[PDB]
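One file, run10.cif, is given below (mmCIF, C-alpha atoms and all ligand atoms).
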data_input
#
loop_
_atom_site.label_atom_id
_atom_site.label_comp_id
_atom_site.auth_asym_id
_atom_site.auth_seq_id
_atom_site.Cartn_x
_atom_site.Cartn_y
_atom_site.Cartn_z
CA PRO I 33 -21.88 16.69 12.53
CA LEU I 34 -20.16 13.25 12.63
CA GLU I 35 -21.67 11.75 15.81
CA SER I 36 -25.14 11.73 14.21
CA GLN I 37 -24.20 11.21 10.53
CA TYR I 38 -22.38 7.85 10.99
CA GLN I 39 -23.39 4.78 13.01
CA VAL I 40 -20.30 3.36 14.73
CA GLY I 41 -19.76 -0.41 14.60
CA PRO I 42 -16.96 -2.58 16.00
CA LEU I 43 -13.24 -1.75 16.16
CA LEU I 44 -11.42 -3.08 13.06
CA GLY I 45 -7.92 -2.55 14.51
CA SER I 46 -5.38 -0.11 15.89
CA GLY I 47 -1.65 0.70 15.79
CA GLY I 48 0.78 3.37 14.53
CA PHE I 49 -1.97 4.55 12.19
CA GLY I 50 -4.46 5.24 15.07
CA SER I 51 -7.82 3.44 15.51
CA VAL I 52 -10.17 2.30 12.77
CA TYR I 53 -13.83 1.34 13.27
CA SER I 54 -16.36 -0.30 11.00
CA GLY I 55 -19.31 2.01 10.50
CA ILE I 56 -22.28 2.93 8.34
CA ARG I 57 -23.42 6.25 6.84
CA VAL I 58 -26.93 6.72 8.23
CA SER I 59 -28.34 8.54 5.16
CA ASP I 60 -27.91 5.55 2.78
CA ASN I 61 -26.41 2.61 4.77
CA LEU I 62 -23.15 2.99 2.79
CA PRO I 63 -20.48 0.95 4.55
CA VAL I 64 -17.57 3.07 5.83
CA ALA I 65 -14.45 2.97 7.94
CA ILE I 66 -13.90 5.62 10.59
CA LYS I 67 -10.31 6.41 11.40
CA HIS I 68 -9.24 8.31 14.49
CA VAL I 69 -5.77 9.82 14.90
CA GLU I 70 -4.60 11.77 17.96
CA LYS I 71 -3.00 15.17 17.23
CA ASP I 72 -0.06 14.46 19.56
CA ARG I 73 0.80 11.27 17.62
CA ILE I 74 1.11 12.99 14.20
CA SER I 75 4.66 13.98 13.24
CA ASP I 76 3.98 14.81 9.59
CA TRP I 77 1.50 17.66 9.00
CA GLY I 78 0.33 19.26 5.77
CA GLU I 79 -1.68 22.18 4.46
CA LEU I 80 -4.80 22.29 2.28
CA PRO I 81 -5.23 24.79 -0.60
CA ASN I 82 -7.05 27.23 1.75
CA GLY I 83 -4.31 26.92 4.42
CA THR I 84 -5.87 24.84 7.24
CA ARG I 85 -3.33 22.69 9.11
CA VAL I 86 -4.22 18.96 8.73
CA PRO I 87 -2.59 15.52 8.90
CA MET I 88 -0.64 14.70 5.74
CA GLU I 89 -2.87 11.68 5.00
CA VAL I 90 -5.78 14.11 4.41
CA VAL I 91 -3.77 16.19 1.92
CA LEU I 92 -2.59 13.06 0.11
CA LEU I 93 -6.00 11.34 0.03
CA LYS I 94 -7.59 14.50 -1.39
CA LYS I 95 -4.98 14.68 -4.17
CA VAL I 96 -5.70 11.06 -5.29
CA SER I 97 -9.52 11.01 -5.04
CA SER I 98 -11.31 10.34 -8.34
CA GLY I 99 -13.37 7.58 -10.01
CA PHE I 100 -10.32 5.28 -9.88
CA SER I 101 -10.97 2.36 -7.51
CA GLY I 102 -7.29 1.42 -6.78
CA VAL I 103 -6.90 3.87 -3.87
CA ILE I 104 -9.22 3.95 -0.86
CA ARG I 105 -11.55 6.97 -1.17
CA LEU I 106 -11.70 9.69 1.51
CA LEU I 107 -15.43 10.48 1.89
CA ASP I 108 -15.14 13.13 4.58
CA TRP I 109 -13.03 14.26 7.51
CA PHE I 110 -13.43 16.22 10.78
CA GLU I 111 -11.28 18.05 13.28
CA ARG I 112 -11.84 17.54 17.01
CA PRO I 113 -10.02 19.27 19.83
CA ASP I 114 -7.43 16.48 20.25
CA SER I 115 -7.90 14.27 17.16
CA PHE I 116 -8.76 14.04 13.47
CA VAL I 117 -11.44 11.70 12.21
CA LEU I 118 -11.41 10.36 8.65
CA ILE I 119 -14.35 8.71 6.96
CA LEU I 120 -13.22 6.27 4.30
CA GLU I 121 -14.76 3.79 1.93
CA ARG I 122 -15.30 0.21 3.09
CA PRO I 123 -15.84 -2.66 0.63
CA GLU I 124 -17.99 -5.54 1.98
CA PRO I 125 -16.91 -8.29 2.03
CA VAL I 126 -13.27 -7.30 2.44
CA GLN I 127 -9.99 -8.85 3.56
CA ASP I 128 -6.55 -7.23 3.90
CA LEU I 129 -3.74 -8.84 1.89
CA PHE I 130 -1.66 -9.79 4.97
CA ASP I 131 -4.51 -11.96 6.34
CA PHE I 132 -5.26 -13.33 2.87
CA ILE I 133 -1.64 -14.49 2.50
CA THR I 134 -1.52 -15.83 6.07
CA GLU I 135 -4.66 -17.98 5.35
CA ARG I 136 -3.59 -19.28 1.91
CA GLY I 137 0.20 -19.28 2.11
CA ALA I 138 2.07 -18.58 -1.14
CA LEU I 139 -0.26 -17.40 -3.91
CA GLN I 140 -0.48 -18.99 -7.35
CA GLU I 141 1.41 -16.89 -9.87
CA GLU I 142 -1.73 -16.09 -11.88
CA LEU I 143 -3.27 -14.58 -8.76
CA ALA I 144 -0.07 -12.77 -7.70
CA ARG I 145 0.13 -11.32 -11.25
CA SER I 146 -3.41 -9.90 -11.07
CA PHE I 147 -2.89 -8.51 -7.57
CA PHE I 148 0.56 -7.07 -8.33
CA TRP I 149 -0.68 -5.48 -11.58
CA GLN I 150 -3.51 -3.74 -9.67
CA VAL I 151 -1.02 -2.50 -7.05
CA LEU I 152 1.10 -1.11 -9.88
CA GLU I 153 -1.87 0.69 -11.50
CA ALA I 154 -2.72 2.20 -8.07
CA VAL I 155 0.83 3.31 -7.31
CA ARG I 156 1.10 4.86 -10.80
CA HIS I 157 -2.12 6.76 -10.10
CA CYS I 158 -0.69 8.08 -6.83
CA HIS I 159 2.54 9.17 -8.54
CA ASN I 160 0.62 10.95 -11.37
CA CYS I 161 -1.35 12.88 -8.75
CA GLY I 162 1.84 13.92 -6.87
CA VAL I 163 1.63 11.36 -4.01
CA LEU I 164 4.25 8.97 -2.63
CA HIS I 165 2.78 6.31 -0.31
CA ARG I 166 6.05 5.19 1.31
CA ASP I 167 4.48 2.19 3.07
CA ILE I 168 3.44 -0.24 0.32
CA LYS I 169 2.98 -3.68 1.91
CA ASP I 170 0.36 -6.47 2.32
CA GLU I 171 -1.12 -4.90 5.50
CA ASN I 172 -1.89 -1.72 3.47
CA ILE I 173 -3.78 -3.47 0.67
CA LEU I 174 -7.47 -4.44 0.89
CA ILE I 175 -9.14 -7.01 -1.35
CA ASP I 176 -12.72 -6.41 -2.44
CA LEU I 177 -13.51 -10.15 -2.43
CA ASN I 178 -16.62 -9.96 -4.68
CA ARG I 179 -15.13 -7.76 -7.41
CA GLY I 180 -11.47 -8.96 -7.11
CA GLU I 181 -10.29 -5.33 -6.83
CA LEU I 182 -7.39 -4.25 -4.60
CA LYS I 183 -7.18 -0.87 -2.83
CA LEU I 184 -4.30 0.98 -1.25
CA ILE I 185 -4.83 2.21 2.30
CA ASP I 186 -2.94 4.07 5.04
CA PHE I 187 -1.28 7.20 3.59
CA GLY I 188 -0.12 8.25 7.07
CA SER I 189 3.58 7.69 6.30
CA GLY I 190 3.24 9.34 2.88
CA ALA I 191 4.66 12.52 1.37
CA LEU I 192 4.25 14.81 -1.59
CA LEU I 193 6.18 13.29 -4.48
CA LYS I 194 9.43 15.12 -5.41
CA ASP I 195 12.57 14.47 -7.47
CA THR I 196 15.02 15.36 -4.70
CA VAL I 197 16.26 13.14 -1.89
CA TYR I 198 14.21 12.09 1.16
CA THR I 199 16.01 11.96 4.52
CA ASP I 200 12.99 11.06 6.67
CA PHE I 201 11.22 7.67 6.70
CA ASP I 202 8.42 6.36 8.92
CA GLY I 203 7.22 3.29 7.03
CA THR I 204 8.00 -0.37 7.58
CA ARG I 205 11.71 -1.13 7.89
CA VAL I 206 11.69 -4.60 6.32
CA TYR I 207 10.10 -3.06 3.18
CA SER I 208 12.67 -0.17 3.15
CA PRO I 209 15.54 -0.14 0.69
CA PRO I 210 19.25 -0.63 1.47
CA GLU I 211 20.08 3.02 0.68
CA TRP I 212 17.79 4.00 3.59
CA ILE I 213 19.39 1.43 5.94
CA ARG I 214 22.99 2.54 5.12
CA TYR I 215 22.71 6.29 4.35
CA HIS I 216 19.27 7.44 5.57
CA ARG I 217 18.74 8.72 1.99
CA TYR I 218 16.40 7.54 -0.80
CA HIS I 219 14.52 8.80 -3.83
CA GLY I 220 10.77 8.23 -4.19
CA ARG I 221 10.25 6.07 -7.26
CA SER I 222 13.20 3.77 -6.77
CA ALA I 223 12.36 3.19 -3.07
CA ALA I 224 8.77 2.44 -4.06
CA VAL I 225 9.97 -0.11 -6.62
CA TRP I 226 12.06 -1.80 -3.90
CA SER I 227 8.97 -2.14 -1.65
CA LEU I 228 7.11 -3.58 -4.65
CA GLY I 229 9.79 -6.28 -5.09
CA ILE I 230 9.37 -7.14 -1.38
CA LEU I 231 5.57 -7.23 -1.86
CA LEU I 232 5.82 -9.47 -4.92
CA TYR I 233 8.19 -11.87 -3.14
CA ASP I 234 5.72 -11.91 -0.24
CA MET I 235 2.85 -12.88 -2.56
CA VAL I 236 4.61 -15.76 -4.30
CA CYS I 237 6.56 -17.11 -1.28
CA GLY I 238 4.11 -16.42 1.59
CA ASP I 239 6.58 -14.32 3.56
CA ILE I 240 8.98 -11.39 3.17
CA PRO I 241 12.53 -12.19 1.99
CA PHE I 242 14.56 -10.14 4.55
CA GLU I 243 14.28 -9.80 8.34
CA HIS I 244 17.59 -8.20 9.42
CA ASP I 245 19.30 -4.99 8.24
CA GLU I 246 22.30 -7.05 7.07
CA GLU I 247 20.11 -9.19 4.74
CA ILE I 248 18.61 -6.03 3.20
CA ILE I 249 22.10 -4.58 2.63
CA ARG I 250 23.31 -7.86 1.11
CA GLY I 251 20.20 -8.14 -1.15
CA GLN I 252 20.65 -11.87 -1.83
CA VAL I 253 17.23 -13.33 -2.62
CA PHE I 254 16.62 -16.96 -1.70
CA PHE I 255 13.39 -18.62 -2.91
CA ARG I 256 11.71 -20.87 -0.36
CA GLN I 257 8.88 -21.90 -2.75
CA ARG I 258 8.68 -22.96 -6.38
CA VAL I 259 8.59 -19.73 -8.38
CA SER I 260 9.02 -19.39 -12.15
CA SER I 261 12.27 -17.97 -13.53
CA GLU I 262 10.45 -15.00 -15.05
CA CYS I 263 8.95 -14.06 -11.68
CA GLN I 264 12.31 -14.57 -9.92
CA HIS I 265 14.00 -12.28 -12.47
CA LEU I 266 11.39 -9.50 -11.99
CA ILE I 267 11.73 -9.79 -8.23
CA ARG I 268 15.54 -9.60 -8.31
CA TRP I 269 15.29 -6.63 -10.67
CA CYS I 270 13.04 -4.69 -8.28
CA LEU I 271 15.48 -5.55 -5.48
CA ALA I 272 18.69 -4.42 -7.24
CA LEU I 273 21.07 -2.85 -4.71
CA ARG I 274 21.73 0.28 -6.77
CA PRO I 275 18.56 2.40 -6.99
CA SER I 276 19.30 3.26 -10.64
CA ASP I 277 19.42 -0.45 -11.61
CA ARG I 278 15.75 -0.95 -10.56
CA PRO I 279 13.04 -0.97 -13.24
CA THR I 280 10.64 1.89 -13.89
CA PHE I 281 6.92 1.20 -13.41
CA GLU I 282 6.73 0.88 -17.19
CA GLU I 283 9.50 -1.70 -17.32
CA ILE I 284 7.74 -3.69 -14.57
CA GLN I 285 4.44 -3.76 -16.48
CA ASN I 286 6.20 -4.64 -19.80
CA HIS I 287 8.13 -7.47 -18.12
CA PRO I 288 7.29 -10.95 -19.58
CA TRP I 289 5.94 -12.27 -16.23
CA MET I 290 3.33 -9.45 -16.23
CA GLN I 291 1.66 -10.32 -19.59
CA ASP I 292 -1.92 -11.63 -20.02
CA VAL I 293 -3.18 -10.38 -16.66
CA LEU I 294 -6.63 -11.46 -15.59
CA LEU I 295 -9.33 -8.83 -15.12
CA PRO I 296 -10.37 -8.21 -11.50
CA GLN I 297 -13.72 -10.02 -11.93
CA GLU I 298 -12.07 -13.02 -13.66
CA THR I 299 -9.66 -13.05 -10.72
CA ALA I 300 -12.54 -13.18 -8.23
CA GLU I 301 -14.42 -15.97 -10.08
CA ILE I 302 -11.36 -18.27 -10.36
CA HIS I 303 -9.55 -17.49 -7.08
CA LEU I 304 -11.81 -15.73 -4.60
CA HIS I 305 -15.43 -16.95 -4.94
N1 LIG I 401 -3.92 1.63 8.91
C1 LIG I 401 -5.04 1.84 8.26
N2 LIG I 401 -5.42 2.99 7.67
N3 LIG I 401 -6.53 2.94 7.09
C2 LIG I 401 -7.17 1.76 7.17
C3 LIG I 401 -8.39 1.43 6.59
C4 LIG I 401 -9.02 2.40 5.80
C5 LIG I 401 -10.23 2.12 5.17
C6 LIG I 401 -10.80 0.88 5.32
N4 LIG I 401 -11.92 0.37 4.83
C7 LIG I 401 -12.06 -0.89 5.25
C8 LIG I 401 -11.02 -1.21 6.03
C9 LIG I 401 -10.75 -2.44 6.65
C10 LIG I 401 -11.63 -3.52 6.51
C11 LIG I 401 -11.33 -4.74 7.11
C12 LIG I 401 -10.15 -4.88 7.83
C13 LIG I 401 -9.30 -3.78 7.93
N5 LIG I 401 -8.18 -3.88 8.64
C14 LIG I 401 -7.30 -2.71 8.94
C15 LIG I 401 -5.98 -3.21 9.55
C16 LIG I 401 -5.62 -2.16 10.57
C17 LIG I 401 -6.97 -1.87 11.21
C18 LIG I 401 -7.93 -1.81 10.02
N6 LIG I 401 -9.61 -2.61 7.35
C19 LIG I 401 -10.18 -0.10 6.09
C20 LIG I 401 -8.97 0.17 6.72
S1 LIG I 401 -6.17 0.67 8.04
#
Translate the structure described by the file into structure tokens.
Ligand SMILES: Nc1nnc(-c2ccc3[nH]cc(-c4cccc(NC5CCCC5)n4)c3c2)s1
Amino acid sequence: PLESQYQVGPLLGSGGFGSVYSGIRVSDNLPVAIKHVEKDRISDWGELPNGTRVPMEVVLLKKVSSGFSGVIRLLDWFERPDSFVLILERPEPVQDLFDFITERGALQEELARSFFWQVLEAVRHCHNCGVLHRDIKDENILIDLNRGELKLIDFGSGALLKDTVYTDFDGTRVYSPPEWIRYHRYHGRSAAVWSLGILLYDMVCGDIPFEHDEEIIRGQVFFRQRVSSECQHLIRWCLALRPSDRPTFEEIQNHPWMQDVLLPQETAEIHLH
């Protein structure tokens, strides 16, 4: 069913998420990505409406699939004896945000604003559909270079959204909030907002602000590049030590630094083409 329906191209990469290949759907030459995960390497399992036992990423990707382009679309999936295989959308040309920032260094604020705004819209969409990503970072964001549209990827560390405390975490440590480091406890929205402050810092400074646990706990933000006061303030707000002092998604998008955002296509014409 899958071996014949998709033509397998080169390996795009591999890691904690499994192995992802470039590929093409034979019926219409639609570009795709083919993601393989071994059953033994999945800790977090979930359950579909009908009760089949699948990797959580499949539950979460199904809950967020719709016309909205901010989250990578799950096109199909398959069970094999020892693995799951996910077929996912692939923009062409595409570049992940980690490589994009590596190549350019610190991004101009106008570009960081457009990118960050699109990440916010996408995270809001996930939260509305009951999904917490738990691994928001540059490596998990793709840029559709022609259209200037960002997409969230890798829901393999995700969870169903809930209002009670989380005591498990399997995302990236340096994007994880101080309450996780000190107490192994966090709540969904406020932890997500912390990762977003790390992401925004990363965009405007060209690197993440904290390496060591002690720096995270201390939460002192030092700017290594010229960054406007408004952007610094928003960043420091997202990285408040107390979870309850962090802004809501709404407060982030109504922040003065976030006004007059470019459209995705305007963003591509000025900054990407
Ligand atoms: N960890 C990951 N989980 N899903 C991934 C994913 C999903 C759908 C995708 N469509 C296109 C890509 C893609 C395109 C170009 C580079 C790229 N790099 C990823 C970085 C880890 C390996 C793949 N991914 C893609 C990646 S990467």
Pull the closest atom pair for each residue of chain I that gets at most 7 Å from ligand LIG 401 (chain I), along with the distance in Å to one decimal, counting all atoms listed in the file, ordering rows by chain and then ascending residue number, as JSON lines.
{"residue": "I:44", "atom": "CA", "partner": "I:LIG401", "partner_atom": "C18", "distance": 4.8}
{"residue": "I:45", "atom": "CA", "partner": "I:LIG401", "partner_atom": "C17", "distance": 3.5}
{"residue": "I:46", "atom": "CA", "partner": "I:LIG401", "partner_atom": "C17", "distance": 5.2}
{"residue": "I:49", "atom": "CA", "partner": "I:LIG401", "partner_atom": "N1", "distance": 4.8}
{"residue": "I:51", "atom": "CA", "partner": "I:LIG401", "partner_atom": "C17", "distance": 6.9}
{"residue": "I:52", "atom": "CA", "partner": "I:LIG401", "partner_atom": "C18", "distance": 5.4}
{"residue": "I:64", "atom": "CA", "partner": "I:LIG401", "partner_atom": "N4", "distance": 6.3}
{"residue": "I:65", "atom": "CA", "partner": "I:LIG401", "partner_atom": "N4", "distance": 4.8}
{"residue": "I:67", "atom": "CA", "partner": "I:LIG401", "partner_atom": "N3", "distance": 6.7}
{"residue": "I:104", "atom": "CA", "partner": "I:LIG401", "partner_atom": "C5", "distance": 6.4}
{"residue": "I:120", "atom": "CA", "partner": "I:LIG401", "partner_atom": "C5", "distance": 5.2}
{"residue": "I:121", "atom": "CA", "partner": "I:LIG401", "partner_atom": "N4", "distance": 5.3}
{"residue": "I:122", "atom": "CA", "partner": "I:LIG401", "partner_atom": "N4", "distance": 3.8}
{"residue": "I:123", "atom": "CA", "partner": "I:LIG401", "partner_atom": "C7", "distance": 6.2}
{"residue": "I:126", "atom": "CA", "partner": "I:LIG401", "partner_atom": "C11", "distance": 5.7}
{"residue": "I:127", "atom": "CA", "partner": "I:LIG401", "partner_atom": "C11", "distance": 5.6}
{"residue": "I:128", "atom": "CA", "partner": "I:LIG401", "partner_atom": "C12", "distance": 5.8}
{"residue": "I:171", "atom": "CA", "partner": "I:LIG401", "partner_atom": "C15", "distance": 6.5}
{"residue": "I:172", "atom": "CA", "partner": "I:LIG401", "partner_atom": "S1", "distance": 6.7}
{"residue": "I:174", "atom": "CA", "partner": "I:LIG401", "partner_atom": "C9", "distance": 6.9}
{"residue": "I:185", "atom": "CA", "partner": "I:LIG401", "partner_atom": "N3", "distance": 5.1}
{"residue": "I:186", "atom": "CA", "partner": "I:LIG401", "partner_atom": "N2", "distance": 3.8}
Item to check | For CA of residue 278 in chain I and CA of residue 129 in chain I, the interatomic separation in Å (one decimal) | outcome: 24.4 Å
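The residue that comes closest to residue 188 in chain I, out of I:249, I:206, I:92, I:143 and on the basis of only C-alpha atoms, is I:92.
Checking I:232, I:253, I:152, I:168 one by one against residue 285 in chain I, counting only C-alpha atoms, you find the shortest gap at I:152.
The closest residue to residue 116 in chain I, picked from I:241, I:229, I:87, I:220 and counting all atoms listed in the file, is I:87.
For the residues I:42, I:282, I:159, I:262, ranking by smallest atom-to-atom distance to residue 192 in chain I using only C-alpha atoms places I:159 first.
Using all atoms listed in the file for every distance, the candidate list I:182, I:271, I:224, I:66 yields I:271 as the residue closest to residue 242 in chain I.
Using all atoms listed in the file, the contacts of residue 251 in chain I at a cut-off of 10 Å, with sequence neighbours closer than 4 positions omitted, comprise residues 209, 210, 241, 242, 245, 246, 247, 268, 271, 272 and 273 of chain I.
All residues of protein, DNA or RNA that reach within 12 Å of residue 115 in chain I, judged by all atoms listed in the file and not counting those fewer than 4 positions away in the chain, are residues 50, 51, 67, 68, 69, 70, 71, 72, 73, 74, 86, 87, 109, 110 and 111 of chain I.
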Checklist entry - So which residues fall inside 6 Å of (-14.1, 11.0, 4.3) if we count all atoms listed in the file? Mind giving them as a list in words? => result residues 106, 107, 108, 109, 118, 119 and 120 of chain I
C-alpha atoms of the current selection, written as a PDB file, in the frame of the given file:
ATOM      1  CA  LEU I 106     -11.700   9.690   1.510  1.00  0.00           C
ATOM      2  CA  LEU I 107     -15.430  10.480   1.890  1.00  0.00           C
ATOM      3  CA  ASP I 108     -15.140  13.130   4.580  1.00  0.00           C
ATOM      4  CA  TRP I 109     -13.030  14.260   7.510  1.00  0.00           C
ATOM      5  CA  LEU I 118     -11.410  10.360   8.650  1.00  0.00           C
ATOM      6  CA  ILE I 119     -14.350   8.710   6.960  1.00  0.00           C
ATOM      7  CA  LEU I 120     -13.220   6.270   4.300  1.00  0.00           C
TER       8      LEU I 120
END
Checklist entry - CA of residue 33 in chain I to CA of residue 98 in chain I: how many Å, to one decimal? => result 24.2 Å
